[PDB]
Amino acid sequence: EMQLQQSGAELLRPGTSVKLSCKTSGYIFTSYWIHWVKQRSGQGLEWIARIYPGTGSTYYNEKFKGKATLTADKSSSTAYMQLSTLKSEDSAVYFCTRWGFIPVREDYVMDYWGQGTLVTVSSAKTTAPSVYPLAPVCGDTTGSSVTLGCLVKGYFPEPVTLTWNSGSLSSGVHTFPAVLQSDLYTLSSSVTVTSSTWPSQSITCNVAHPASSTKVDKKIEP
Amino acid sequence: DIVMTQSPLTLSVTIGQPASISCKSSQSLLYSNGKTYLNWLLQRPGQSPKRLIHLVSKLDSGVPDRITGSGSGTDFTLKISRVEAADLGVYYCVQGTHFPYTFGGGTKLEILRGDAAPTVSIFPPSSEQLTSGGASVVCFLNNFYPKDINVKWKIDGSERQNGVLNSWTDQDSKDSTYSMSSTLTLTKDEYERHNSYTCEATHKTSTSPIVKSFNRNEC
Ligand SMILES: [Zn+2]
Ligand SMILES: [Zn+2]
Ligand SMILES: [Zn+2]
Ligand SMILES: [Zn+2]
Ligand SMILES: [Zn+2]
Ligand SMILES: [Zn+2]
Ligand SMILES: [Zn+2]
């Protein structure tokens, strides 16, 4: 099982630099090219560069010469990409991928991708979120079923992890994308259960904000 | 660089029907060795992209042959003979014949289905928030189709436009429906000066706006 594991989200200040890592496993690291791809605001991919860890040979997209520097540590099977002097356009999700093209064969092998690393270029300060429980009053949906909610607001930067009952309750939940407003994000999640479950059994909202090292569990009380 | 134009931008197809996506390039993708390096990728919601086809028509291992690729020169087409729920996502063409490699803008494939009216839930401010001097009234409009919906908040009969924060989820790969959240944030003081808070929606499934409200008061 071939696997590419990337580093976590990063909050960078304008003008500074970051080194992203792409740890590989399950294949001979030195025999395949690793490419880096960039994705901004959804559908919009750009090819950055590729490195052949076996030799250290690299090829860059003219647009990125001077912006990205690719390296690879054979002893640890980790490819790195350093971005220098970050600006607005640099906020994006970066992916690493063992593309799989074999030049000599003029054919391809399966492509493996990393999960992606989100880079945020901002000078705004890190803020812990407030987690508020949403118990129904009119948001009851009447009997039969009842939906509860969880409001996570005023945090920076992304991401925040929200689960219900420590991951146990995964069906019927809707976690909405966080929306930025005035340097702070807001995110909400709703969970629809049967009238028999709640308030008979407890429903708890779990939230984690790594950047602040904030972890909070809110119990949806009536 | 080579410009790759994909059309359509989005396509709504019912499960079982065929779907085809076009990709045009500013230069022939025929390489000097006679091979044409055109690839098609699929990025599933919340997932990294994955290559479906390479060398114009060669399927990658583990890719269902419901998917077909074809074309030459500057015009290429990806065809899904019979679409399933797993085909939901954005498709891209990537050319590797010319340097640097360039991608198409993407084509979002959405599963067309039977209309579904929203299930609305409205929630008053939690005790905790009010303590901080803030008040948010949340409204959830779950599982509807089509995605097109218009929600407006009304306090004591008047439309409130300032302080509204909306968020929509992508098409659910389980029921093909959409859900959206609308939060209206006020100060504690003003919240306690009004009575009725109404979450009003406009959707295809109703000739009249879908309403959900509550009257805040005391006791
Ligand atoms: Zn092949
Ligand atoms: Zn060329
Ligand atoms: Zn040439
Ligand atoms: Zn008034
Ligand atoms: Zn009045
Ligand atoms: Zn009023
Ligand atoms: Zn009044």
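Residues numbered from 1 in each chain as written, not as in the entry; some residues may be left out. Chains lettered and ligands numbered in written order. Heavy atoms only, no water.

1. Describing the pattern of salt bridges
Residue and element names in this part refer to chain B.
Next up, step 1: Taken as a whole and assessed by the stated rule, the structure comprises 20 salt bridges over all chains.
Next up, step 2: Here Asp 87 and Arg 66 are joined by a salt bridge, their closest N and O atoms 2.8 Å apart. With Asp 87 in the loop between β8 (75-80) and β9 (89-95) and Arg 66 in the loop between β6 (58-59) and β7 (67-72), the pair connects residues that are 21 residues apart, well separated along the chain.
Next up, step 3: Exposure remark for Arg 66: the relative accessible area of 11% places this residue in the buried category.
Next up, step 4: One salt bridge connects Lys 174 with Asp 172, and the closest N-O pair in it is separated by 3.6 Å.
Next up, step 5: For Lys 174, a relative accessible area of 67% translates into the label exposed. (Salt bridge = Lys/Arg side-chain N within 4 Å of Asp/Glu carboxyl O. Helix = DSSP H or I, 4+ residues; strand = E, 2+ residues; numbered from the N terminus. Buried < 20%, exposed > 50% of the residue type's maximum accessible area, 1.4 Å probe, protein only.)

2. Thoughts on the domain arrangement of chain A
Residue and element names in this part refer to chain A.
Next up, step 1: Segmentation of chain A into domains returns domain 1 (1-123) and domain 2 (124-222).
Next up, step 2: Here domain 1 and domain 2 share an interface that buries about 420 Å² over both sides, 59% of which is from carbon and sulfur atoms.
Next up, step 3: If you sort the residues of domain 1 by the area they bury against domain 2, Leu 11, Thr 120 and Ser 123 come out on top, with a joint share of 54%.
Next up, step 4: For the pair domain 1 and domain 2, the interface holds 0 salt bridges.
Next up, step 5: At the boundary of domain 1 and domain 2, one finds 2 residue pairs in polar contact. (Domains from an automatic or database assignment. Buried area = accessible area lost by both parts, 1.4 Å probe. Polar contact = N/O pair within 3.5 Å; in protein donor to acceptor, adjacent residues only side chain to side chain.)

3. Here's the deal with the nonpolar core
Next up, step 1: Among the nonpolar cores identified, the biggest contains 26 residues, and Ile 34, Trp 36, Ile 48, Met 81, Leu 83 and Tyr 94 of chain A are the most heavily contacted of them.
Next up, step 2: At the level of secondary structure, the elements contributing two or more residues to this core comprise β3 (18-25), β4 (34-39), β5 (45-52), β7 (68-73), β8 (78-83), β9 (92-98) and β13 (117-121) of chain A.
Next up, step 3: Core analysis: the next-biggest nonpolar cluster, separate from the first, contains 25 residues, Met 4, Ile 21, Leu 78 and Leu 109 of chain B among them. (Core = buried A, V, L, I, M, F, W, Y, C linked by side-chain atoms within 4.5 Å.)

4. Remarks on the sheet that holds β3 of chain A
Residue and element names in this part refer to chain A.
Next up, step 1: Across the sheet, which stays open at both edges, the 4 strands sit in the order β1-β3-β8-β7 with antiparallel pairing between neighbours. The open sheet terminates on both sides in strands that have one partner only, identified here as β1 (3-6) and β7. The mean angle between the axes of side-by-side strands here comes to 20°, regardless of whether they run parallel or antiparallel.
Next up, step 2: Note: β7 against β8, 6 bridges, orientation antiparallel. Across the sheet, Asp 73 pairs through a bridge with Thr 78, a residue of β8. (Pairing = 2+ DSSP bridges. Axes fitted to C-alpha atoms, helices over the stretch in contact; angles between N-to-C directions.)

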